[PDB]
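**Q** First the structure, then my questions, so here it is.
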Amino acid sequence: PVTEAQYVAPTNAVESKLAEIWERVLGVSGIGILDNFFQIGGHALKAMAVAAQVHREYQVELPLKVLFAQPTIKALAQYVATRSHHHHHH
């Protein structure tokens with residue numbers, strides 16, 4: 001009960017790349033930062049397919065637990081961004 005905004009195109013490059021990837025998986029155009037993946041027509045099978053190309057592209061694991069909990073470009077962009085950053089596992 002918070003995804004009530006109108007379509008808003010991605011404005012940060014990360015968001016912009018994920019929105020493109022969604023268009024290639026869903027076969028539609030106009031993916032926004034607030035577009036709820038499941039509302040667009042996507043489902044679990046599609047969600048797992050997103051993580052497949054993204055894991056190889058962004059070098060990062062995306063479990064369904066994140067995709068389903070936060071089915072939005074904004075969420076994935078931040079979840080991915082914080083992981084792509086320079087960690088210090090040492």
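Note on naming: chains are A, B, ... as they come in the structure tokens, residues start from 1 per chain, ligands start from 1 in the order shown.
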Determine, for each residue of range 13-35 of chain A having at least one atom at most 12 Å from an atom of range 57-71 of chain A, the closest pair of atoms and their separation in Å to one decimal, counting only C-alpha atoms; order by chain and ascending number, as a Markdown table.
**A**
```
| residue | atom | partner | partner_atom | distance |
| --- | --- | --- | --- | --- |
| A:14 | CA | A:58 | CA | 9.9 |
| A:17 | CA | A:58 | CA | 10.2 |
| A:18 | CA | A:58 | CA | 10.0 |
| A:19 | CA | A:71 | CA | 11.9 |
| A:21 | CA | A:57 | CA | 10.2 |
| A:22 | CA | A:71 | CA | 11.1 |
| A:31 | CA | A:71 | CA | 11.7 |
| A:32 | CA | A:71 | CA | 11.4 |
| A:33 | CA | A:71 | CA | 10.0 |
| A:34 | CA | A:71 | CA | 8.8 |
| A:35 | CA | A:71 | CA | 8.0 |
```
**Q** Based on the selection just made, write C-alpha atoms of those residues as a tab-separated table (two decimals), in the first residue's frame.
**A**
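The new file selection-v1.tsv reads:
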```tsv
chain	number	residue	atom	x	y	z
A	14	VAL	CA	21.39	2.22	-12.90
A	17	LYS	CA	19.63	-0.03	-17.37
A	18	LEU	CA	17.35	-2.21	-15.31
A	19	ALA	CA	14.27	-0.68	-16.95
A	21	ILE	CA	16.35	-5.27	-19.11
A	22	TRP	CA	12.71	-5.46	-17.92
A	31	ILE	CA	9.02	0.57	-17.30
A	32	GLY	CA	9.14	3.19	-14.50
A	33	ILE	CA	10.87	3.39	-11.11
A	34	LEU	CA	7.51	2.60	-9.43
A	35	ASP	CA	6.22	0.06	-11.98
```
**Q** Separation of CA of residue 46 in chain A and CA of residue 11 in chain A, in Å?
**A**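 Value for the CA of residue 46 in chain A-CA of residue 11 in chain A distance: 24.1 Å.
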